[PDB]
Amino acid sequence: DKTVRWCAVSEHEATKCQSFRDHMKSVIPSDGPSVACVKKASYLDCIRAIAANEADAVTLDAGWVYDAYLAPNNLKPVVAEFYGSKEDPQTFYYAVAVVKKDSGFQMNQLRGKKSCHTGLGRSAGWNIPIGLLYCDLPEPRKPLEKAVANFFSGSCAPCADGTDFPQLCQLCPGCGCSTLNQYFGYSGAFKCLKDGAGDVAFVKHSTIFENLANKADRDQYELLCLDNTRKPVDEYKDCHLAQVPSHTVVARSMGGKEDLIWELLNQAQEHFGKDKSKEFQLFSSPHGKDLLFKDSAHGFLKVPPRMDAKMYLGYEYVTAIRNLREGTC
């Protein structure tokens, strides 16, 4: 029992958060956990906010979890999302590269094409794909943004600095780091491809199924597999770039209300999880997709006691990120 200050990024998430608050009030008795909403412009401001005791929690893509960990913020993961089904929860998802059918190019011919990324530093939209092309990039490979800017002939990399690297915001001027940028995130990176701005979208396996309901329409897209061949979109299991850890809620290491955060989310999923309520849905919203939590999530799992970002993410993934931020060929 007490108040959890959730950090929403921009207007759409702020709206979902208000609804989340109000509905939780109509079901949770006076002594249960409650929600308060803090609006910030980017996930980055949410991190600082939480570290400065301005807010208490926020869900981040694993790549951004790593950023949350670095000093002086030192946030830790307390609750993770799980996908698939409640019967067989999956704490990972597949990063895929979606292209249009017959666009005429494989993974080893990305140079010169236009790319759509979910956001700078995110697992599927950035780390995995760039990680795999790292040495294909033209030297110098530092700064990384600059090298990526020269490989593609323009792209949309939300959260990148459009001043220092104009080419990274060519498909989405300003590189807005929130849903105010129509090309932000999974569904945004997908729209960037669908509209014809970009040639490839680095998203997750469920994105396309989340945006195109007709097999007819999904049939017009393909996935680039690491063996330089193309496969239909529902064959991602045999055509993906990598498996990455699930998004997770982070909190302060000192006085971070981790117990209250879990009590809230656990009670929230019971009352408003998948197909649980007609008045409100935690994993959906008419105001946007992947607001606060991913729509493709089914519930929450508590993270083991005092586990740090490094352990949570894993040796390999955590290294891939380091290598990306330095690495050699």
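Just count from 1 along the sequence shown to find any residue number.
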property: 12-20 set against 302-310, stretch whose average Cα temperature factor tops the other in the entry; result: 302-310
property: 276-284 set against 293-301, stretch whose average Cα temperature factor tops the other in the entry; result: 276-284
property: Residue of maximum C-alpha B factor among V27, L60, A51, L264, per deposited coordinates; result: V27
property: Which of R122, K76, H247, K142 ranks first by CA B-factor in the deposited coordinates; result: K142
property: Chain third (lowest, middle, highest) by recorded CA B-factor, residue given as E270; result: middle
property: Third of chain Cα B-factors occupied by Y236; result: middle
property: Third assignment of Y43 from its chain's C-alpha B-factors; result: lowest
property: Third of the chain, ranked by Cα B-factor, where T118 sits; result: lowest
property: Third assignment of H205 from its chain's C-alpha B-factors; result: lowest
